[PDB]
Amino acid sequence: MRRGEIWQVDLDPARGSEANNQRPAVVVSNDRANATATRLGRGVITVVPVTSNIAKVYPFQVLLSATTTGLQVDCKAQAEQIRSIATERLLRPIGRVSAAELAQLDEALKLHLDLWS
């Protein structure tokens, strides 16, 4: 379990326009925290949900090509939907994002979370 891995996760129950249902998501917490998650067997890690709707890819979102990741179809990661989840919610590991996709996700996270300064 390391950063940039894509796992399937259970975001349910959810409310409003939040990411819902069982979705792929990208590990964005640093490998340090994730390592201690693995040591505890329980814990929280932070991930970015993915969505199928590729009609428009917004600046805070990053496009993942199913070729690169082992995803079933081309999807976009939504930094504006970022959220930390208990490791109970990790169902299965789908794949890994490319290093370029990861860099753009870092950059999208700075944009959405205002981490420029």
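Residue positions are given as counts along the sequence shown, with the first one as 1.
In the other compared entries of this protein that model both flanking residues, residue 68 lacks coordinates in at least a third of them. For the two regions 7-15 and 105-113, the entry's Cα B-factors average higher over 7-15. For the pair 44-52 and 62-70, the mean Cα B-factor is higher in 62-70. The entry lists C-alpha B-factors for 36, 78, 84, 30, and the highest of these is at 36. When all modelled residues of the chain are sorted by CA temperature factor, residue 100 is found within the highest third.
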